[PDB]
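Every chain is numbered from 1 and lettered A, B, ... according to where its sequence line falls, protein lines coming before strand lines. These numbers come from the heavy atoms of this one structure, side chains and all, not from hydrogens, waters or symmetry mates.
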There are 12 protein chains.
Amino acid sequence: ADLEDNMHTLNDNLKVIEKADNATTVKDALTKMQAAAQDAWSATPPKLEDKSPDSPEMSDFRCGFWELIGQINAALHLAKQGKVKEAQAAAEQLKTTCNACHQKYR
Amino acid sequence: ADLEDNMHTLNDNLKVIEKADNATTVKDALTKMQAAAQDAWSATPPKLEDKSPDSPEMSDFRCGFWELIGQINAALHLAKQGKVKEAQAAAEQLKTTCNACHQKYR
Amino acid sequence: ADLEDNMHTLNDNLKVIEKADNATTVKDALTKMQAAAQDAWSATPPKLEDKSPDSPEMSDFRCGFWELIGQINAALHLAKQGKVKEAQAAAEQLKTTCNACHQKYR
Amino acid sequence: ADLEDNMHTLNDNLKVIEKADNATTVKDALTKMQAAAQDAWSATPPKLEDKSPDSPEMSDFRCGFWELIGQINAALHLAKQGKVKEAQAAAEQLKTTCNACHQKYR
Amino acid sequence: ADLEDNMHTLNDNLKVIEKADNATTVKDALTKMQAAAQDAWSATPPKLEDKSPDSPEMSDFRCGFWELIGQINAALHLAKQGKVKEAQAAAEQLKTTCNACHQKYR
Amino acid sequence: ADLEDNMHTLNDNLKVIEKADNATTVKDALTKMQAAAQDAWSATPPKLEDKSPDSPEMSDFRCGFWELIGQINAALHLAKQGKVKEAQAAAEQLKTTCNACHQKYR
Amino acid sequence: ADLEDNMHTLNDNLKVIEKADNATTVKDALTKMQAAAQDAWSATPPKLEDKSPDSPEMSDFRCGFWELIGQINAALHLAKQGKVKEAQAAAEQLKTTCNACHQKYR
Amino acid sequence: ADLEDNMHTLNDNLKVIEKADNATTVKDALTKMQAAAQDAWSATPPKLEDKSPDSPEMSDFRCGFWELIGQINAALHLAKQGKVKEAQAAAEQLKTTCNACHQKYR
Amino acid sequence: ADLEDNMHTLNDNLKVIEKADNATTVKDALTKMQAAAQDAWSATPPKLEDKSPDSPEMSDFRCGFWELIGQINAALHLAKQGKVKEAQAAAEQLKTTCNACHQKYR
Amino acid sequence: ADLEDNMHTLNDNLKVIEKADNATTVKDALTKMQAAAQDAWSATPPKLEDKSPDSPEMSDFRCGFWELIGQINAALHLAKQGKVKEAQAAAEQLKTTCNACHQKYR
Amino acid sequence: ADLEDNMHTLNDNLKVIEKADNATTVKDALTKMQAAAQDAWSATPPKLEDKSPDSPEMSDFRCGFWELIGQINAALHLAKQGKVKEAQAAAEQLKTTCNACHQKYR
Amino acid sequence: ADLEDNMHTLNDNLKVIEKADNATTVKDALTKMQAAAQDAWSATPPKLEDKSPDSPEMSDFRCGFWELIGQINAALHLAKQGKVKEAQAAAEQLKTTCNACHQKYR
Ligand code: HEC
Ligand code: HEC
Ligand code: HEC
Ligand code: HEC
Ligand code: HEC
Ligand code: HEC
Ligand code: HEC
Ligand code: HEC
Ligand code: HEC
Ligand code: HEC
Ligand code: HEC
Ligand code: HEC
Ligand SMILES: [Fe+3]
Ligand SMILES: [Fe+3]
Ligand SMILES: [Fe+3]
Ligand SMILES: [Fe+3]
Ligand SMILES: [Zn+2]
Ligand SMILES: [Zn+2]
Ligand SMILES: [Zn+2]
Ligand SMILES: [Zn+2]
Ligand SMILES: [Zn+2]
Ligand SMILES: [Zn+2]
Ligand SMILES: [Zn+2]
Ligand SMILES: [Zn+2]
Ligand SMILES: [Zn+2]
Ligand SMILES: [Zn+2]
Ligand SMILES: [Zn+2]
Ligand SMILES: [Zn+2]
Ligand SMILES: [Zn+2]
Ligand SMILES: [Zn+2]
Ligand SMILES: [Zn+2]
Ligand SMILES: [Zn+2]
Ligand SMILES: [Zn+2]
Ligand SMILES: [Zn+2]
């Protein structure tokens, strides 16, 4: 998957997460996100095509995915316990990371 | 994944395939369509919910999926061989099986 | 397992599913049922031993089994989500499929 | 494997089946057929190159492989029990499906 | 599975074993009996709930189950060696174990 | 792990189970208790080293551990079914087992 | 393996352990002893065939085997920790178990 | 496991590692510690629940965990080589990392 | 593998990649660099041995590896797609991340 | 598979390879030749049945297979790299090892 | 296992195979023999410790082992087919290979 | 890997072997050699590019790798027992095979 494909995947499964009524739908959504983020953190966004890889921009970009992956895991921790409303809340809090990286680098 | 979830998956991956430039991307997108159609065949569409599980439209519905699952495999055969533009021509040709079921039951 | 033992398995797990009070017992009963039905779909029933493998009755006998596994998958989908009562109700609708085969071929 | 390769495989292992004197030779032959049929049912025969995939010809073609796979499984059921003569008989009965599809579509 | 479910499972496979005509079928019945006796040994029978788990009754009840699992393993030993009649005679013999626990705690 | 390590492990997970608010957390605590009780049953307590392994003390010490592993398995049965409160009441009950062995060999 | 085969296996690995000069070799000998003692505990010795499986003799015979498997597990514990001499002294000690059952049922 | 239970696990295995006399106990303690720290790196500590997921404190909290797993990997590297005392000494240096996090965030 | 062992691995595989003529060779060499960098991130370089595990140079060191591990994944993404000369241009570009860390800490 | 069974396999797959247009087909055919030659090396040809297992013709026979198994691996190396016409030139060159053994022992 | 223990294993399983009454005991004895012979083919016998690794005697010693595994594979091939007496007779021919090595090198 | 790549691998790990101070470093080095030799024995050296594959040169070349693989296994046998000095000695003795094949065919 390219970068855009993986963003589309995270976004879709985020929508599945809010629509869900049970923990298994949520669990499986989060796992697909977890795979899209893993495939994506090594990508280079078009806005950073002329930075060296070592620049603080590109390492802040990598930092955004690791923070994203951290809270995806936190949401999965809740889902695997059956706490559907608490997982949906945790998944909502994930958008702060989404937006922060979008403001700077998208 | 409910039925429309998996319909959305099929649609997204049709779009990934038409724009790809390698067989790896195409292969993986096909594999996801395979997963989606397997989760979808045992579902009752809304417009068929009041007709018996034996009825010929329920048989004709689940027959449509195995025809789809067939041509996905066929396309997947071409992609596993590196034949990327023929795997893409087979994915383009998947739409007439999509339309046929849609005209009848969507 | 022979055909008669698979049928007795299918029937055992309907009682299990109906008396169940949690989703784990239901998913496991529905999993054994999928096992018994997979093994039984290739069998030859006493009253069709007379007949050709490509006869209409044998093609229909087999096709009645593809529809039972279908509905068993749908009910497993609910049970995996923790919806025990929806799972119970979907399994009770399965007896439409048992009856339609029995009338023709038992 | 192309379609012809897989037909050659089924035919060879069918010959191995009649030559056999033990259940393991038979079991392993049937398993190779089972894989050739799986690889083959999504193929398009030259005689159906101009039918749409949804036509009753192509779905009857798919139907022939599923009936074939059903009795391969039945033969394997016998072989895995040690019943060598009964498996060889079941494997012989498979030729009806072979011939029926050959008459129409080969 | 509760205790009663696993008892019915033991019963069913005793019948399956007596009518079997090959070793594969007895082995699988013995395998399922083993899985049943393993889930059941830690359960509490209705007539021993009013009692501490370290009482000799709970100890003798668990003792009966390990006696049963040994006789199933011995029978499974013979079945894995193709001795259908010997394993069948062994399965019949362990009825003496089922009965011993029954006129005690059932 | 020595015997003392596994005792501390048993103790920790009893506390974890009493404060849990979901089934996933009790199941894992029970799973770890099982792994602990399995490593510990073949150990020799300090007050039974001066003794042959076939003495009734070593036999009753090992007897206590199999009593414990049964009660953990019964509790694990309820937890796997989502019955958090029942499994929690079951975990509390097996404290009677921990104490019985303790005022004997500790 | 019959009972006698597994006895010879126990004997061989006792000798292998006494002459070993490292932990890997004792661990594997203890592992094979474990596999031997597991296959053997459900067998019936020649001098206890004239007897019901719930007699104290069959119960004490099976009791001896669980005593043995515990001492092998304790020795395996030390070997996995690299304590060759301690595991070697532990293997020698369980000769007292082999002898106890022998002047009883052999 | 919650954050507090993972911390109690991390602390348990430091005592295990310090009192250990072989490399197998150390590698296994260090493996449990890696488990507890992996599960805890995505948690939210009481005193930061107030705060944004992309706040400096949460980014720092997470980053303090990447350094603890790092050092735990290094100590596992030694323990896997059988260097128990070097492994013990590397683990005792781990408390620099525990302290630096506790001062800021406990 | 100590730190210089894994540095040597990275260097050798950089040379394999520049001279390869297929993506399989490049893919596998990249996978080995992945393994090497995973074993290397948790190591303390000599010139940093006296600075605290918290120090910003230790953080800046282990940050450098994840930047390297990132671009290896990125190159590995291109190789898995068959893009051999672009996977090689990405491996050529890996050197500026090598130099950057070397100028600072080698 | 008896010896002539596996000879037939080798022959069929030589023909698949010469006509293929991709490395996937060639790879899989080579993998099947690998399986066939592994099953075939430990067989005694008819014209060598009365010569001792030590005899130099039995040694020279089983030496011929490892020479064949070698060049199959070598061809398989080229196919795994995508070099389809060089993998096919190596498969064409396999025949001189076939002929050499045939002239001597067929 | 050392060379002498592997030989004692090889000899143990010949007696097992000769006294066996079913194909399962034979296949399992022949499997242990293949294990012992695989581990022993790289050993150095007492009377060749004097000698070079590329000496004619060591090359011959090793080559005598490739022929023993060969014949053990052939006998396993029969035992896997349920031909216990043919398997027994093929194993009794194995002692030609044991003798030829012993005369030269024991 | 080409032939030269694999020779470089064996040589590197041989250097790691003499530098090592523990059995795990040695074990892992030998395993990487074992894989390089496996990948290499089917190769054709430049000096034998004009020999037929069946010539005694090319089969002596294959013979050199099998002797090499035999002693790599012997060294691994020692390493897996913890005998580091004895494994380093066995690994040193391997150079005779290296040199012998280098004199003739390199
Ligand atoms: C940086 C660390 C990011 C994080 C965290 C997330 N996204 Fe993102 N996103 C990012 C970039 C650099 C881009 C631009 C890609 C490009 O090719 O220009 C995007 C884009 C998207 C899109 C648009 C997809 C498309 O069709 O082009 C979507 C739908 C999207 N992003 C969604 C999304 C969600 C839901 C996230 C959190 C769960 C998220 N992104 C995080 C960079 C980063
Ligand atoms: C029957 C055998 C079908 C085949 C083959 C395909 N689709 Fe489908 N589709 C089907 C139904 C019954 C429905 C309605 C489902 C509902 O719950 O209302 C759909 C719907 C879609 C949608 C929209 C989903 C939504 O927004 O609710 C899409 C985008 C879609 N289908 C796409 C699609 C594609 C791309 C297919 C083949 C490649 C395809 N469908 C096949 C039934 C069937
Ligand atoms: C055909 C496609 C069938 C479907 C679907 C189901 N059943 Fe069936 N069943 C079928 C036949 C032809 C027979 C008779 C076979 C014979 O040898 O007589 C049966 C038998 C049963 C039985 C009695 C079995 C016995 O112990 O003798 C039962 C209890 C039974 N079947 C139950 C059952 C249930 C609950 C089903 C749906 C879940 C079901 N069957 C489906 C053919 C077919
Ligand atoms: C349809 C559902 C089929 C079934 C069932 C079987 N076969 Fe078939 N076969 C089929 C077709 C459409 C063709 C023509 C392929 C082509 O490229 O034109 C064939 C051909 C064969 C062949 C010839 C192989 C060749 O070298 O071209 C053989 C040997 C063959 N088929 C054998 C065979 C056997 C043994 C079957 C049952 C076990 C069998 N076929 C089933 C279609 C179908
Ligand atoms: C104790 C050590 C037992 C052994 C060994 C066997 N059985 Fe059992 N059985 C036992 C109890 C305590 C009960 C009552 C459980 C309850 O909840 O009431 C039973 C019951 C049965 C039943 C009746 C189930 C029903 O739904 O009516 C059957 C059919 C049964 N048991 C069968 C059975 C078989 C076949 C056994 C040996 C193979 C066997 N039991 C052993 C206690 C014990
Ligand atoms: C015997 C059959 C026992 C059972 C069941 C349980 N315990 Fe145990 N316990 C036992 C002994 C012989 C000892 C002494 C071991 C020694 O080496 O001295 C113990 C000790 C404990 C301890 C103290 C550990 C410490 O480091 O001080 C604890 C906390 C403990 N045991 C807990 C415990 C729990 C929670 C149990 C049930 C779930 C349990 N024990 C059962 C013997 C036996
Ligand atoms: C019962 C609880 C036993 C334990 C523990 C051990 N042995 Fe055993 N042994 C037992 C019996 C009933 C028999 C007779 C079996 C028969 O079929 O006659 C034996 C026999 C042996 C033998 C002789 C085998 C032969 O072929 O002659 C040996 C060498 C032997 N046993 C060894 C052995 C060892 C080494 C044990 C402990 C590690 C051991 N036995 C324990 C009963 C029991
Ligand atoms: C942050 C990155 C931390 C690291 C690294 C370590 N600890 Fe920690 N720990 C942290 C917090 C924020 C807290 C308090 C959480 C709360 O809910 O109050 C803790 C707590 C502990 C405790 C007490 C746990 C309890 O049972 O209440 C202990 C014993 C503890 N921590 C130990 C510990 C050790 C040994 C560490 C290094 C190996 C370590 N912690 C690292 C935050 C962080
Ligand atoms: C830090 C984040 C580094 C990155 C990225 C790379 N290297 Fe490295 N390298 C680093 C250090 C601290 C050292 C010194 C280690 C020591 O123990 O002294 C090295 C050393 C090397 C060496 C020589 C090793 C030796 O002979 O002792 C080589 C050949 C080397 N490094 C190569 C190399 C390559 C090819 C890299 C990227 C592709 C690379 N290094 C990255 C620290 C870091
Ligand atoms: C010895 C080292 C051999 C090598 C290399 C190959 N073959 Fe072989 N082949 C060999 C023998 C001893 C026999 C006779 C077996 C018998 O039981 O009579 C054969 C036979 C064949 C056959 C015909 C089999 C039959 O119909 O009975 C074929 C088609 C064949 N061989 C093909 C073949 C190919 C294609 C090879 C390399 C690619 C090859 N053989 C190698 C011995 C040896
Ligand atoms: C060389 C290639 C051999 C083959 C093939 C077989 N044996 Fe062997 N064996 C060989 C040697 C060099 C030795 C002596 C090693 C020593 O340290 O003295 C042996 C030894 C035995 C023994 C005695 C083992 C002992 O306990 O001391 C036995 C019982 C034995 N060998 C049996 C045996 C059998 C049955 C074989 C064929 C299946 C066989 N050996 C093959 C060398 C070789
Ligand atoms: C034949 C059976 C060989 C054995 C055993 C070993 N090596 Fe070798 N080596 C061999 C050949 C034919 C060649 C030439 C390759 C070429 O392309 O010309 C080599 C070469 C090497 C090299 C040089 C690598 C390079 O950069 O070209 C090295 C470092 C090497 N060989 C090392 C080596 C070691 C350490 C061995 C034993 C463990 C060993 N070789 C065995 C053939 C054979
Ligand atoms: Fe139909
Ligand atoms: Fe008792
Ligand atoms: Fe940072
Ligand atoms: Fe030779
Ligand atoms: Zn991707
Ligand atoms: Zn989408
Ligand atoms: Zn779904
Ligand atoms: Zn069956
Ligand atoms: Zn029943
Ligand atoms: Zn194919
Ligand atoms: Zn053929
Ligand atoms: Zn249960
Ligand atoms: Zn332990
Ligand atoms: Zn046995
Ligand atoms: Zn957790
Ligand atoms: Zn604790
Ligand atoms: Zn390392
Ligand atoms: Zn074969
Ligand atoms: Zn060994
Ligand atoms: Zn022996
Ligand atoms: Zn290679
Ligand atoms: Zn190198």
Side-chain angles (χ1 to χ4, degrees), chain A residues 1-15 30 32-73 91 93-106, chain B residues 12-13 15-22 24-25 28-29, chain H residues 52-56 58-59 62-63 66, chain I residues 30 33-34 37 60 63-83 85-101:
Chain A
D2 69 35
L3 190 55
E4 302 187 327
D5 299 329
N6 283 306
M7 293 302 176
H8 193 66
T9 297
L10 307 162
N11 179 248
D12 280 351
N13 281 286
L14 218 37
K15 309 206 251 234
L30 294 162
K32 300 202 197 172
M33 292 182 74
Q34 195 178 59
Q38 272 297 311
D39 189 26
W41 75 268
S42 43
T44 284
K47 305 225 312 191
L48 300 181
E49 83 294 43
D50 281 334
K51 299 308 179 308
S52 78
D54 65 290
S55 54
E57 319 75 297
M58 282 294 314
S59 70
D60 192 45
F61 185 76
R62 297 180 273 257
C63 171
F65 281 104
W66 289 128
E67 178 202 321
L68 172 61
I69 292 157
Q71 333 172 36
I72 294 173
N73 287 290
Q93 277 287 339
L94 273 169
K95 284 144 195 264
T96 304
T97 313
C98 306
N99 300 335
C101 176
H102 288 144
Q103 286 277 7
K104 305 182 282 190
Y105 306 122
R106 167 151 82 118
Chain B
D12 280 341
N13 278 285
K15 302 188 254 181
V16 168
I17 297 160
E18 31 179 293
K19 86 154 186 133
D21 60 359
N22 68 97
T24 286
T25 298
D28 304 329
Chain H
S52 187
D54 71 327
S55 65
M58 277 303 295
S59 178
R62 286 180 288 264
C63 158
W66 296 327
Chain I
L30 286 181
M33 304 185 63
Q34 218 175 31
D60 188 49
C63 174
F65 270 118
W66 293 39
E67 160 166 296
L68 184 71
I69 296 176
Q71 299 161 262
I72 284 172
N73 291 8
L76 191 35
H77 208 263
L78 287 165
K80 273 191 237 164
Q81 296 165 359
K83 301 170 184 175
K85 200 48 213 60
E86 288 163 73
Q88 283 175 344
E92 180 70 40
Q93 197 231 359
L94 273 179
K95 290 164 140 133
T96 62
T97 309
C98 307
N99 305 349
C101 183

Scanning both residues in full, the closest heavy-atom pair of A/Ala43 with A/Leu3 reads CB-CD1, 3.9 Å

The reported gap from CD in I/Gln34 to CD1 in I/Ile72 (rounded to nearest 0.5 angstrom) is 7.0 Å

Looking only at heavy atoms, the pair that brings A/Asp54 and I/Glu67 closest together is CA-OE1, 3.1 Å

- prompt: Can you tell if the side chain of A/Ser52 reaches within under 4.5 Å of the side chain of I/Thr96, non-hydrogen atoms only?
  reply: no

- Within the 6.0 Å centroid threshold, strictly below: A/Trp66 and I/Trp66: yes

Original post:
Would you find a donor on one side and an acceptor on the other, under 3.5 Å apart, between the side chain of A/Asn73 and the backbone of A/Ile69?
Top reply: yes

message = Using a 6.0 Å cut-off, check whether atom CD of B/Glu18 has over 12 heavy atoms from anything other than its own residue.
response = yes

Interatomic distance, CG@A/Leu30 vs CG@A/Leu10, rounded to 0.5 Å, equals 10.5 Å

NZ (B/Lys19) and CG (A/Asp5) are apart, to the nearest 0.5 Å, by 5.0 Å

Can you find a pair of side-chain heavy atoms, one from B/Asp28 and one from I/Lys80, that are under 4.5 Å apart? no

Other residues, nucleotides, ligands: >12 heavy atoms within 6.0 Å of A/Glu49 CD | yes

Check: A/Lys104 side chain, A/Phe61 main-chain N or O, donor-acceptor pair, under 3.5 Å: no

Heavy atoms of A/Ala91 and A/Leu14 approach each other most closely as O-CD1, 3.8 Å

The reported gap from NE2 in A/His102 to CE in A/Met7 (rounded to nearest 0.5 angstrom) is 5.5 Å

By salt bridge (charged side-chain N to carboxylate O under 4.0 Å, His left out), B/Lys15 pairs with (sequence neighbours left out) B/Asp12

Do I/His77 and A/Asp39 pass the side chain to side chain contact (heavy atoms under 4.5 Å, CB included) test, and can you show the C-alpha distance, the side-chain angles, and the key distance before you say yes or no?
CA-CA 9 Å; I/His77 208 263; A/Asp39 189 26; 3.1 Å; yes

Within a radius of less than 6.0 Å around NZ of A/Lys32, do more than 12 heavy atoms belonging to other residues, nucleotides or ligands occur? no

Donor-acceptor pair, A/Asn13 side chain versus A/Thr9 backbone, under 3.5 Å? yes

All heavy atoms of A/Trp41 vs all of A/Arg62, minimum pair found to be O-CG, 4.0 Å

Residues A/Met58 and A/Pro53: closest non-hydrogen pair is CB-O, 3.4 Å

**Study point:** Check: A/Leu68 main-chain N/O paired with A/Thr97 side-chain donor or acceptor under 3.5 Å
**Key:** no

dist I/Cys98:SG -> I/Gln93:CD (nearest 0.5 Å) comes out at 10.5 Å

Note: A/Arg106 and A/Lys47 closest approach over all heavy atoms is O-NZ, 3.1 Å

Residues at least two apart in sequence or cross-chain that pass salt bridge (charged side-chain N to carboxylate O under 4.0 Å, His left out) with A/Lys95, listed by chain then number, are A/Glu92

Residue set satisfying salt bridge (charged side-chain N to carboxylate O under 4.0 Å, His left out) with I/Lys83, at least two apart, ordered chain then number -> B/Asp21

